[PDB]
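*Asks:* got an experimental structure here, sequence first:
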There are 4 protein chains.
Amino acid sequence: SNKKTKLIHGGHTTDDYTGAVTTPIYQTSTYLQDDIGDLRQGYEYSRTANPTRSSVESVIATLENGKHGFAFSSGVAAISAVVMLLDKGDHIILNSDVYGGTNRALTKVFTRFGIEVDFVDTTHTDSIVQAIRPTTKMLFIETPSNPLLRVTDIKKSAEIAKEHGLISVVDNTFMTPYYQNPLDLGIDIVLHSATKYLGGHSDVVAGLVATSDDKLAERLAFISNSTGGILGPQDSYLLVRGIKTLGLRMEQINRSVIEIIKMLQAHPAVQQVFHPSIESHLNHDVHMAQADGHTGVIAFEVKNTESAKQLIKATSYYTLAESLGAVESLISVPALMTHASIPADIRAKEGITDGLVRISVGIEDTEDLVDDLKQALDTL
Amino acid sequence: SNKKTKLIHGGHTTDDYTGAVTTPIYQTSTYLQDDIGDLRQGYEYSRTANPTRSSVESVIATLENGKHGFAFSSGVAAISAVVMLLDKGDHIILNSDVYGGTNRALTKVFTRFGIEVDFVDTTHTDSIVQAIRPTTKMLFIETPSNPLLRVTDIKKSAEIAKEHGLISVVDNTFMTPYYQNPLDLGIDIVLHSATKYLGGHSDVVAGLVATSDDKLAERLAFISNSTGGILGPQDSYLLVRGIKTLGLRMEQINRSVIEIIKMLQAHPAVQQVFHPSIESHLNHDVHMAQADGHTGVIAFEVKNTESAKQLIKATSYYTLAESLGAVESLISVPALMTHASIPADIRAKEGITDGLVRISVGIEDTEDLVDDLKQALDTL
Amino acid sequence: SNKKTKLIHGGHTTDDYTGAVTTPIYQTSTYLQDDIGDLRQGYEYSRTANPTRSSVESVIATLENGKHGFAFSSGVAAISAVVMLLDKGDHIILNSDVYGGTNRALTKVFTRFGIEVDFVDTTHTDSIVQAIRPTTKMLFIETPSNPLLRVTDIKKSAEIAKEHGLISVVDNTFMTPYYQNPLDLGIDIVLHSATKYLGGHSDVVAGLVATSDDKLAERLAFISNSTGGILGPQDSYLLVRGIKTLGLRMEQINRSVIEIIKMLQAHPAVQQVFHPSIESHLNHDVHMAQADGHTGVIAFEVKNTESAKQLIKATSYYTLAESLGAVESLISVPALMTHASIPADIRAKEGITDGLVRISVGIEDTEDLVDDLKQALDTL
Amino acid sequence: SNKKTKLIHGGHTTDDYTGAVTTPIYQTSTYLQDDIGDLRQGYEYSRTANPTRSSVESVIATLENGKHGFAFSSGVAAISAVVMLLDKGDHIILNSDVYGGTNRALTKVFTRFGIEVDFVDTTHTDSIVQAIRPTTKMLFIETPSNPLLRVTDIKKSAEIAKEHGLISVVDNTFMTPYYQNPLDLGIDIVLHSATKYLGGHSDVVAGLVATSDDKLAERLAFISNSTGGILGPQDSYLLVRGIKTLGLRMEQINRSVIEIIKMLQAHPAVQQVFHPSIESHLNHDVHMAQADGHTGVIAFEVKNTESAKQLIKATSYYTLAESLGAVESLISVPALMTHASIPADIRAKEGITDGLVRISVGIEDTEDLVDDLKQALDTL
Ligand SMILES: O=C(O)CNC(=O)Cn1ccc2ccc(Br)cc21
Ligand SMILES: O=C(O)CNC(=O)Cn1ccc2ccc(Br)cc21
Ligand SMILES: O=C(O)CNC(=O)Cn1ccc2ccc(Br)cc21
Ligand SMILES: O=C(O)CNC(=O)Cn1ccc2ccc(Br)cc21
Ligand code: NA
Ligand code: NA
Ligand code: NA
Ligand code: NA
Ligand code: NA
Ligand code: NA
Ligand code: NA
Ligand code: NA
């Protein structure tokens, strides 16, 4: 019924045979056949299907109200599988500030295979309509985006995509199925870096894909079986396990996010704050209309590089590392860590200033995270 | 020094920090940075590099006398990564009876990205020379091949590839680094389905790639990081562990292979036997010149489908399942299990008769495997 | 600082060497020595010490404000290790309704080794004073107890134990270190079945022991190394991982517990309810004084066996299985599952009626758990 | 039929449900019940029984020709469980040079519980007959023993034990079920540190017990369930996996053992060599009559401590670490590492000289191990 209950009881995460209340880990590559072609339970080769992976696939399908789930060895493997629904000569529209790994896969791997790519600012959906070519076959959006949390209208993107015969795809990593369900809004395919919130514990690299479309699912299965970027059984198990606490973790993260944003907006050493909960944020109304909560990623400006480094050194509970969606609160400086290859002037123009800090809020005590960040800001 | 010693002491499979005599399992996605950019031990994100995966990568690099190792989520993910060294418009020569999954990846995924593919019978290397187009960039060979164990001259293929500016690739799955080292013979890239002999225990799906070429390695690393078909840490650990007994397993398998072949050639219910150890096998001399032993895969003809099914039912120690390189001896009928989509007449023309049986010899007692197969054949 | 923060940042759960933000899994039995006796990082044999186990041991030591942690293969192995601090001829006082496995270990294993056992109702601590013999060496209490949740004054028990030279032990399983810290109240040794709340996900069987006493710790280490009931590295890792969400899980469980108890007290088909939050519960004041929250175990009476079985069948979100502290809400009937060997009349006298139901509240949605249990009760 | 076949096909190591050719890893603590008491497949709580552990238990039962198998968290936990078949006042006869951990468990833990212990030199079985008291209930022998490889007549010990009403126990760690089957010779209980040869890869700490006696098995099950030193599922899986190559590993180890002993007997820097294959070794005939091969543990004398340390430093392929039965060849100096607490004069009297070296032969190349040890000895 309700979400926290569905997290526990939705999908197949028990063993029908023994009754084990957790999914067994099928550390196996192949399966006995009783007669040639006769498969006891539908399994014949683990690359094609593995029962632990099938369990996590059913979880993501259930959580996104889809029919089909697919587990990949990483988020970018999920993205690559989805892009491989296209042919040489096909064209993709992506939101212009799409994830660096996504940008790099598309512009440096798949353009060598004749996939044409255009980045457009989808915060105004009519941009999509302008960018559509006769060869356009896919519309790929993250919302909210990294690191400035730009919001894109999911329902309108789905309508545009249906009208123009496009496969619509949403990278729902930042929101998780707990707050935002793109398939409910008309999108064809939803994907996740389960490396982030879903696994939740910084100990799995994994991607998950869900869809309700039987032909898209058949094609995704074929691509998974042929290019073989499958998630292994141990990681599938740890994914199923981490997802159990998704709702509790996201809700704690959200309480902390609200309070941290109040602090940041009040602090003199902080200039701009980027997060879809702020009412002056572009498409705040759209986000509230398509999501029931918030990502834990917040970005904000301090003065310069020296202040950002000082902030990192002075916090006790914000940890300097890559990635997001940990139980630990994570801190980073995009201009130095994710966007350093970009010329300084283009970083400035895009808003990636030297003192732009990104925090990923964890599940520590709210008052501790607020006070720690505030005292560190006070050292500026 | 000697191979069985190198299997134990080659590569990095201990923990420098604690002294643990086995590789720790780094079930982790991200790593603390002491200062922005400062990585304690070179790790920053597990998709990019993980220390357990790095350990198995160093093992395969060492075993193939290469400089660089790469671990993928499956053999076909390794193959796909290697194929992605090419661009739209490039052309690949493969041996004509290449592995079904390889055939399907190339002809159904990568041809949609403009990769051009030609299958040629490489048992005569001048066929390669005839097939070379101005657009040809890669030469990809398995030797021996599945299911008829056709042998291709590795050294001559490497020379042809160097002369014509081609990346040469060998799928060394069937022989393993224990018996055949293509990089020693001039090949650019060697790959494996570690799902088979290397893991050895039917409990890992994995691919491994090794090369000595720094620029090819840099490109492979970039492809791995961008398309993300990485092997996870638990599977990397089980791979390192299974490789320890590779030499013992392969040698037992070889003793059994020799004796089983004597039996099969003597038996009246068996027609043709396919294996590179038989002196009348095409390129027997070539195989002996480029390998120090034999694959455990043998194929042989019985009369028809009914005799093949009876053979399977009557053996006590040959197990009906997909895959090869298990500790168990495996048995299959290609015409029904791997080549059933092919019209009957083309199967006959290629030698995939209804009574063509493939066995993958395991590590059971030699006399037991010989006697069991013989008594089952006697029931025909 | 605050508890939810300490759960994340307390103890050693990262890799100092690589910076991995999670504890590496040292699936290893032995360690290189650089010179005879020279241990790189203090490890020499995994039974004696393993770095993943050491990590979980430091977590439990930190969470209980102790100095020393010990991880065992199960809760009853932890209990057995602690009991083995005694000699033949020594005497133990336990609370009279102690856990069945504990009762059985003491009365059927350790009495054969000359350990003398007396069960006393410790809800009045002067009972302890009466039961003390010249040979008494240990006082062992659970609070609250199973299945009727009897509360024992921890601080007074510790004082009595100090005055009389007794080792005091608390089985803190039901409360967890998140709500109750017996070492802070003078107790010598605190233990847990980490199989329940601490692991939290029904996928580890494990025991944990913490103490601040250096000589007790030395003796426990000696017993662990000699009788060898050690927790393995994979289970230690899953324990560390499950503990991260302990606070979030316990707080959700507590919100649901409060609401479920309101429902149960109002319902006509329910007679008595047993839980330390009810103000008429014996030693309610004591529990509130020594704990900051509540166990998720509740017991309550329906009419008879048929009503209890009907309750189980009619609930959608209460699962029939053994154990407690899952993410799933669990339901059981003690008179049939844990106390069936006891004669019916003695069960009645102890309050284990045929319609005594025990629920272990999970982390499902509060309103769903309340409504589901209520509609099931309405079917009576 | 034959041993190498039985290693592969004996016991239950597949999944009946899916057909998985390896035992699934049941990382689980509890099991759904369909009705109260109704267990789908006989499982209800993982401490009591776990299906992965049950799989490894069936393997050890099969390999020792017993009926019942038990997996413990370590070898010393197996030993402790077996000793707990006794009561206060009972008496045990052990062989006088029994394993240090065994000696310490008995003389420092179980004597505090009133178990009486006598060490006797069982190389003459009439010593047992002299040592038997009216209170003696158990006879516990290792053969061959550590570090001097003393051999005890198993069949005669079993007869003596039957005549006098004693439970007979053999620690069969050094020989493995591959070469020596004490239950076939009348012994009641056989146990192993599976930490050594059976796991075989230095990555599991585990104990295994097998018996054919239904009442002894019932008592062992009760002790396991009450004191809880159970092996976890991941370690049970790695045990099942390592056992597959037991025969191949032991046979390689034996070839190397024969050749190394020839070298050692010929070398001038080596005095005495201890191994049951040497024909002048005490009870050589007995060992050959009760075993089909040899342990990989060899001990031999060099001049002094300085020569032993030099030997260790000069070998390339002998690794200094604790434990035995690795794939690596291990080297140690008992007088410094396992027997250092013993006064020097008593070490001399027992034969534990300062230059007594113990090697545990691994699976490296035979010629490499011989040559490496010989060149190191030549540096003396
Ligand atoms: O480091 C990386 O992967 C590159 N950086 C990115 O994240 C993605 N990206 C690619 C081109 C480009 C232009 C402006 C901005 Br703003 C971002 C851009
Ligand atoms: O089932 C499969 O994947 C198809 N079969 C194969 O294995 C590969 N393959 C693809 C075309 C083709 C023609 C003749 C022969 Br012979 C084999 C061929
Ligand atoms: O099944 C079991 O293990 C036994 N039952 C228990 O839980 C523990 N126990 C042992 C004696 C005894 C008397 C009254 C009550 Br009330 C409980 C008792
Ligand atoms: O270090 C240890 O655990 C002690 N040493 C041992 O291995 C066992 N042991 C115990 C008494 C004793 C006397 C002579 C000899 Br020889 C060995 C003895
Ligand atoms: Na919604
Ligand atoms: Na739709
Ligand atoms: Na060679
Ligand atoms: Na080369
Ligand atoms: Na408190
Ligand atoms: Na104290
Ligand atoms: Na024998
Ligand atoms: Na017997």
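*Replies:* Received the coordinates, thanks. Residues are numbered from 1 along each chain as shown, chains lettered A, B, ... in the order given. Ligands and ions are numbered 1, 2, ... in the order given.

*Asks:* quick one: end-to-end distance for stretch A:333-348.
*Replies:* 14 Å (CA to CA, to the nearest Å).

*Asks:* other residues contacting that stretch?
*Replies:* With contacts defined as CB atoms under 8 Å, 6 or more residues apart in numbering or on different chains, stretch A:333-348 is touched by A:100, A:147, A:299, A:305, A:308-309, A:312, A:322, A:332, A:350, A:352-354, A:356-358, B:36-37. Heads up, the C-betas are built off the backbone N, CA and C, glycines and all.

*Asks:* spell out the secondary structure type for residue A:326.
*Replies:* Following DSSP: H, G, I helix; E, B strand; the rest coil, the label given to residue A:326 is coil.

*Asks:* in stretch A:154-170, what's buried?
*Replies:* A:154-158, A:160-161, A:164, A:166-170 (16 or more other CB atoms under 10 Å in any protein chain shown).

*Asks:* near chain B at all, it?
*Replies:* No: counting by CB under 8 Å from any CB of the partner chain, chain B is not contacted by stretch A:154-170; separation bottoms out at 14.8 Å.

*Asks:* any idea how far that stretch is from the chain center?
*Replies:* Put simply, stretch A:154-170 sits 19 Å off its chain's centre (CA atoms, centre = their mean, to the nearest Å).

*Asks:* likewise stretch A:54-62?
*Replies:* Remark: stretch A:54-62 is offset 16 Å from the chain centroid, using CA atoms, centre = their mean.

*Asks:* C-terminal to the longest helix anywhere in chain A, what's the next element?
*Replies:* Identified as the longest helix of chain A according to DSSP state H is helix A:246-266. Per DSSP states H and E, the first helix or strand lying C-terminal to helix A:246-266 is strand A:273-274.

*Asks:* buried set for whichever helix or strand comes after that following strand?
*Replies:* Using DSSP H and E, the helix or strand that follows strand A:273-274 in sequence is helix A:284-290. For helix A:284-290, the neighbour count (16+ other CB under 10 Å) marks A:286-287, A:290 as buried.

*Asks:* relative to chain B, how far out is the residue nearest in space to the middle of chain A?
*Replies:* The centre of chain A sits closest to residue A:173, judged by CA atoms, centre = their mean, with a distance of 1.5 Å. Residue A:173 sits at a distance of 13 Å from chain B (criterion: CB to the nearest CB, to the nearest Å).

*Asks:* now do residue A:12
*Replies:* Residue A:12 sits 21 Å away from chain B, going by CB to the nearest CB.

*Asks:* tell me the contacts of that residue?
*Replies:* By CB under 8 Å, 6+ apart, the contact set of residue A:12 is A:23, A:54-55, A:58-59.

*Asks:* ok, and the closest non-adjacent residue to the residue in the stretch 51-200 of chain A that ligand 4 sits nearest to?
*Replies:* Closest contact between the stretch 51-200 of chain A and ligand 4, by CB to the nearest ligand atom, is at residue A:52 (43.1 Å). Nearest non-adjacent residue to residue A:52, counting by CB to CB, 6 or more residues apart in numbering or on different chains: residue A:233, 3.9 Å away.

*Asks:* ok, that neighbour - contacts?
*Replies:* Residues in contact with residue A:233 (CB under 8 Å, 6+ apart) are A:25-28, A:46, A:50, A:52-53.

*Asks:* mind listing what whichever residue of chain A sits closest to ligand 1 touches?
*Replies:* Evaluated by CB to the nearest ligand atom, chain A has residue A:100 as its residue closest to ligand 1, separated by 3.0 Å. Residue A:100 makes contact with A:338-339, according to CB under 8 Å, 6+ apart.

*Asks:* distance of it from residue A:75?
*Replies:* Residue A:100 is 12 Å from residue A:75, where distance means CB to CB, to the nearest Å.
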